[PDB]
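Note sheet for the following structure.
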Amino acid sequence: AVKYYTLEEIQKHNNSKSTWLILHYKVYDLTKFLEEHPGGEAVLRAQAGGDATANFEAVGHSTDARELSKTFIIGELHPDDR
Ligand code: HEM
């Protein structure tokens, strides 16, 4: 299978580096994208844990981003979260 991650497991990644989150039932590791991500390592690290779909969408982001995200996809939201 793909190995989905629970909101909890994703929630464990919210300290300094470990920065995961859920964007439309999809998990994106951006731990090695903090300093890289133009928004500035802050909003990403803060919204880390999950429930950033609205935040991500609120920014809008472009096609390039939408595609990049897929390259950063680590899996999907656990089938026991939804
Ligand atoms: C799925 C992974 C993500 C990728 C690949 C990504 C990529 C990008 C890129 C390329 C930009 C440039 C803006 C543009 O012209 O489109 C950007 C800006 C931005 N992103 Fe992301 N992003 C991701 C996730 C997030 C998340 C989860 C948040 C919310 C916590 C976020 C918040 C922002 C903000 C605040 C900006 C700057 C807008 C501003 O305040 O001026 N991004 N992102």
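To be explicit about the labels: the chains of the structure tokens are called A, B, and onward in the order shown, and within each one the residues are counted from 1, while ligands get numbers from 1 in the order they are shown.
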Using only C-alpha atoms and all ligand atoms, what are the residues with an atom within 8 Å of ligand 1, set out as a short mmCIF file (atom, residue, chain, number, x, y, z; two decimals) with C-alpha atoms, in the first residue's frame?
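To be explicit, this is the file written out as pocket.cif:
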```
data_model
loop_
_atom_site.label_atom_id
_atom_site.label_comp_id
_atom_site.auth_asym_id
_atom_site.auth_seq_id
_atom_site.Cartn_x
_atom_site.Cartn_y
_atom_site.Cartn_z
CA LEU A 21 0.66 18.75 7.40
CA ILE A 22 -2.48 17.73 5.47
CA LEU A 23 -3.58 19.61 2.33
CA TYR A 28 3.34 16.78 2.36
CA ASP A 29 6.76 16.65 4.02
CA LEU A 30 8.25 20.15 3.81
CA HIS A 37 9.79 27.88 0.92
CA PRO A 38 9.40 31.61 -0.01
CA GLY A 39 6.64 32.24 2.59
CA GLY A 40 9.45 32.08 5.19
CA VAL A 43 3.90 30.04 8.68
CA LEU A 44 4.84 26.54 7.41
CA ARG A 45 6.32 25.40 10.73
CA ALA A 46 3.42 26.93 12.69
CA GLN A 47 0.64 25.36 10.57
CA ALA A 48 2.65 22.11 10.68
CA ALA A 52 -3.47 23.53 6.76
CA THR A 53 -5.73 22.85 3.73
CA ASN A 55 -4.21 27.98 4.93
CA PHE A 56 -2.61 26.59 1.74
CA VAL A 59 -2.69 31.67 -0.19
CA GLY A 60 -4.02 30.21 -3.49
CA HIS A 61 -0.64 29.00 -4.81
CA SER A 62 0.03 28.41 -8.57
CA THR A 63 0.18 25.36 -10.87
CA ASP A 64 3.95 25.07 -10.33
CA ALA A 65 3.27 24.82 -6.59
CA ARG A 66 0.35 22.37 -7.14
CA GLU A 67 2.79 20.17 -9.14
CA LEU A 68 5.72 20.66 -6.73
CA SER A 69 3.47 19.58 -3.84
CA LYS A 70 2.91 16.25 -5.66
CA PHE A 72 6.72 16.40 -2.07
CA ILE A 73 3.77 14.05 -1.50
#
```
Exercise. Hey, what's within 9 Å of residue A:76 if we count only C-alpha atoms and toss same-chain stuff fewer than 2 positions away? As a PyMOL selection string, please?
Worked result: chain A and resi 2-5+22+25-28+73-74+78-79
Problem set entry | Residue nearest residue A:57 - candidates A:24, A:1, A:32, A:10, atoms counted: only C-alpha atoms | A:24
Exercise. Atom CA of residue A:12 and atom CA of residue A:49 are how many Å apart?
Worked result: 6.7 Å
For this session: Run DSSP on the backbone and give me the residues of chain A it puts in helix (DSSP H, G or I), as an NGL selection string.
Result: :A and (7-11 or 31-33 or 43-47 or 53-59 or 63-72)
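Across the structure, atom CA of residue A:13 and atom CA of residue A:50 are spaced 9.1 Å apart.
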